[PDB]
Q: 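Can you keep this structure in mind? I'll have questions shortly.
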Number of protein chains: 2
Amino acid sequence: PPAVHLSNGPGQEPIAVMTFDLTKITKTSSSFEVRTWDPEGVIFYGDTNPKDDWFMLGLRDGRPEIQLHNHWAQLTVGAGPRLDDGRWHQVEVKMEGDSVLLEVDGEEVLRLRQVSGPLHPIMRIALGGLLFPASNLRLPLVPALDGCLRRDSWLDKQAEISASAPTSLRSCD
Amino acid sequence: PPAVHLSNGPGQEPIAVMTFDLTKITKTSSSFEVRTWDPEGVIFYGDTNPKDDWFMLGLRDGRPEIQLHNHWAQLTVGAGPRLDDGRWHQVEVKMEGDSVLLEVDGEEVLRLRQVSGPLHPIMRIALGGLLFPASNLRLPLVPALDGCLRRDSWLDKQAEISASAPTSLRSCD
Ligand SMILES: C#C[C@]1(O)CC[C@H]2[C@@H]3CCC4=CC(=O)CC[C@@H]4[C@H]3CC[C@@]21CC
Ligand SMILES: C#C[C@]1(O)CC[C@H]2[C@@H]3CCC4=CC(=O)CC[C@@H]4[C@H]3CC[C@@]21CC
Ligand SMILES: [Ca+2]
Ligand SMILES: [Ca+2]
Ligand SMILES: [Zn+2]
Ligand SMILES: [Zn+2]
């Protein structure tokens, strides 16, 4: 399948942004495969509000890191094996009741419990970058992620309202 | 080496409690090996205050779970492979700067960042149970853990003020 570059040159902005109708979402999970040699960066960001209702999955020292900030929880957590070995890795992020689960290469490596209540009309998903300055993170990192993404599925496509790209998407071909 | 049972009959109380002089602790880590077929229970608990400054490492659905509550963070997180396969597993919990790291069988499986500041004169460590009712946890579980512990090392022995046992310790021999 066709893979895309996760950063556009400088890596100061997402390669793509998707907007969703929260009330229409039935599928509360996302999946994709990523390949990279970069130990730090944003794989994807999501929010309903950039100020007080956001989430980020990235890499720090080659391993998955999740930062999350909402009414119920505020945290910075690293988990799972290193993924900056240049191999393709299957990744799934799911909402299971009030928790968020992260599975890597078929194995559950992290479950953040009691982090989300009810389900805020819209949710945004940005790939390879944030929708606010890096300095705004609970724990800053340099967002640029030099890697490839493919076979990605984001939430509920039927609930997708729109998709934007700062610049044209570059293939990892 | 000699291994001890992690629960005393009912499993309604810790098999042992150790108290430490916080100001004297230089070694901020603990290590041990555990073997069990039980998917749920408390491996160990720690606090400086049972009300607002506590930590718990246990098992839920066979996997490590950490609950933590203090000035800086409040969370319930599961991570790592299942450990209820009846095999001996090396476990290490360490303080690295402002974070808490959990390593299993030599691999880092979880890093809770930004969870602890400065370093509250005393710290208590209870094995196989809590120092408050289970219902008081952020997320309740049944504390009784049917398993064995051996080669355990808790914080800084030189900082240990005292050690108590509700009842006599039972060997897994
Ligand atoms: C709504 C909401 C939120 O609270 C704010 C951003 C949301 C996350 C956005 C990214 C995401 C993509 C998925 O495929 C599964 C759930 C997660 C979401 C879980 C609920 C969150 C974070 C806990
Ligand atoms: C002091 C303090 C605390 O905040 C309250 C209980 C403490 C924990 C008690 C158990 C423990 C044992 C170790 O070998 C490493 C650090 C951890 C401690 C980290 C700091 C904590 C939790 C974050
Ligand atoms: Ca990078
Ligand atoms: Ca049990
Ligand atoms: Zn909100
Ligand atoms: Zn305190």
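When a ligand or atom number is given, it counts from 1 through the structure's own listing order. A note on names: the letters A, B, ... follow the listed sequences, proteins ahead of strands, and every chain is numbered from 1.
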Q: So does B:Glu92 pair up with B:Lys94, basic N to acidic O under 4.0 Å?
A: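 Salt bridge present between B:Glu92 and B:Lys94.
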Q: Does the shortest distance from the Zn ion (ligand 5) to an N/O/S atom of A:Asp52 fall below 2.8 Å?
A: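 It does not; every qualifying atom lies at 2.8 Å or beyond.
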Q: So that I can check it, does any N, O or S atom in B:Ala144 come closer than 3.0 Å to the Ca ion (ligand 4)?
A: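 So B:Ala144 counts as coordinating the Ca ion (ligand 4), yes.
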Q: Please lay out, stage by stage, how B:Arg138 and B:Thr76 fare under the test side chain to side chain donor-acceptor pair (under 3.5 Å).
A: CA-CA 7 Å; B:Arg138 283 173 46 82; B:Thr76 304; 2.9 Å; yes
Q: Any N/O/S atom, backbone or side chain, of A:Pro39 lying under 3.0 Å from the Ca ion (ligand 3)?
A: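 No, since none of the N, O or S atoms of A:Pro39 sits under 3.0 Å from the Ca ion (ligand 3).
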Q: Cluster question for you: counting only ILVMFWY and a side-chain heavy-atom cut-off of under 4.5 Å, with indirect links fine, are A:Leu75 and A:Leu130 together?
A: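 Each belongs to a different hydrophobic cluster.
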Q: Do A:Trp54 and A:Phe132 have their ring centres less than 6.0 Å from each other?
A: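 Yes; A:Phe132 has its ring centre under 6.0 Å from that of A:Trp54.
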Q: With carbon and hydrogen excluded and only N/O/S kept, which atom of A:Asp53 is nearest the Zn ion (ligand 5)?
A: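 Within A:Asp53, restricted to N, O or S, the Zn ion (ligand 5) is closest to atom OD2.
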Q: What N/O/S atom of A:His71 gets nearest to the Zn ion (ligand 5)?
A: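 The atom in question is NE2.
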Q: If you take the centroid of each ring, where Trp contributes its six-membered ring, are B:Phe20 and B:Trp154 closer together than 6.0 Å?
A: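 For B:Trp154 and B:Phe20, the ring centres are not under 6.0 Å apart.
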Q: Answer yes or no for A:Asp38: is there an N/O/S atom below the 3.0 Å cut-off from the Ca ion (ligand 3)?
A: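 Under 3.0 Å: A:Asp38 contacts the Ca ion (ligand 3) through an N, O or S atom.
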Q: Measure the spacing between CD of A:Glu160 and CD1 of A:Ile125 and express it to the nearest 0.5 Å.
A: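 If I round to the nearest 0.5 Å, the distance is 10.0 Å.
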Q: Hey, which N, O or S atom on B:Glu40 ends up closest to the Ca ion (ligand 4)?
A: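 Minimum-distance N/O/S atom of B:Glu40 relative to the Ca ion (ligand 4) is O.
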